[PDB]
Amino acid sequence: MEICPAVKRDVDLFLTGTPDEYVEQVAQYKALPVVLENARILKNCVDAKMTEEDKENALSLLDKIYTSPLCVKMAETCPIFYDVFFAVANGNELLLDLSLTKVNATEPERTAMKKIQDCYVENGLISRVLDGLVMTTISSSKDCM
Amino acid sequence: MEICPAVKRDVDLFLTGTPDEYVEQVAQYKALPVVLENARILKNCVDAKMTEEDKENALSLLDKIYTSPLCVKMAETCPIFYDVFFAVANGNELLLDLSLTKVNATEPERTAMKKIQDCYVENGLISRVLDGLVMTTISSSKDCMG
């Protein structure tokens, strides 16, 4: 089924918003200090690592995900998105690559998504993140039924 | 005004990242082979010369900078940071000490910052192309907008 619009919006803000806008949006879902600290580290990392072009290529890849039959025609909500997201958040390059092929990623699109994954990996942030906490809270929210 | 987050990130990586993490981050801004080579010499020196306590003390000092009125309340981006950073990179001990006094550095904080300065000096990197170029390019990046 198609992704919850609020999830799509979070990811779009993550990539394109200012750090303050992204974090204040995360805080509406989960206001734990550690979650907001991690969110800001991750956001600053993606902003610094990704060029405008990289961000464009990530947005094109996400659109391939959101329109894929592996997202929309499935019984539950956009399953391929979550597979991608959690491969990113946990630094699983193999699973990320397997999932990207499924949506016909170009090489620059793969490059861009790997930059996001690198930002989770960087400086040991993969060991810290509560992956699933924010995403679970958005995806199970009343606005997502 | 507050420092650009890309600048704070560059310094945090410099201190706490692996050498590869730091040098690669440098290469995202300036991929001249001389710059990358010089960055790696500097990073290996700071890792070998600074203990964990030294790194903790550099980080606490940098937090004093980033929250100082001489950073935040000024009209342009974090001026006291730049004064400190460039004093460190070009081995000006006098300006470093004066600038560390303006942010109420402790002695451990001062010791730690002088070790970073020593890594620029002892390795010959004052008269080498490195952090003038790199720091100018981060601070003027579209991300910082500067």
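As stated in the entry header, the method of structure determination is X-ray crystallography and the reported resolution is 1.64 Å.

Where the PDB entry is consulted, chain B appears under the name Major allergen I polypeptide, fused chain 1, chain 2, with the organism given as Felis catus. For this entry, the PDB record gives the title as "Crystal structure of the major cat allergen Fel d 1 (1+2)". Its UniProt record gives chain B the following Subunit comment, quoted word for word: "Heterotetramer composed of two non-covalently linked disulfide-linked heterodimer of chains 1 and 2."

The name recorded for chain A in the PDB entry is Major allergen I polypeptide, fused chain 1, chain 2, from Felis catus. In its Subunit section, UniProt records this for chain A: "Heterotetramer composed of two non-covalently linked disulfide-linked heterodimer of chains 1 and 2." A UniProt comment under Subcellular location is attached to chain A, and it reads "Secreted".

On to the pattern of salt bridges. A complete count under the given rule lists 21 salt bridges over all chains for this structure. Measuring nitrogen to oxygen at the nearest pair gives 3.0 Å for the salt bridge that ties B:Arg110 to B:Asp97. Of this pair, B:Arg110 sits in helix 8 (residues 107-122) while B:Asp97 sits in helix 7 (residues 93-102); the two residues are 13 residues apart in sequence, bridging distant segments of the chain. B:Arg110 gets classed as buried once you look at its relative accessible area, which sits at 11%. In this structure, B:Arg110 and B:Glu107 form a salt bridge, with 4.0 Å as the shortest nitrogen-oxygen distance. One end of the pair, B:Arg110, and the other, B:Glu107, are both in helix 8, 3 residues apart, so they sit about a helical turn from each other. One network of salt bridges, with partners in common, ties together A:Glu93, A:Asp97, A:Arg110 and A:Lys114.

Cut-offs used in this document
Residues numbered from 1 in each chain as written, not as in the entry; some residues may be left out. Chains lettered and ligands numbered in written order. Heavy atoms only, no water. UniProt positions renumbered as here; feature names shortened; annotations may be inferred. Salt bridge = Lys/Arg side-chain N within 4 Å of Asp/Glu carboxyl O. Helix = DSSP H or I, 4+ residues; strand = E, 2+ residues; numbered from the N terminus. Buried < 20%, exposed > 50% of the residue type's maximum accessible area, 1.4 Å probe, protein only.

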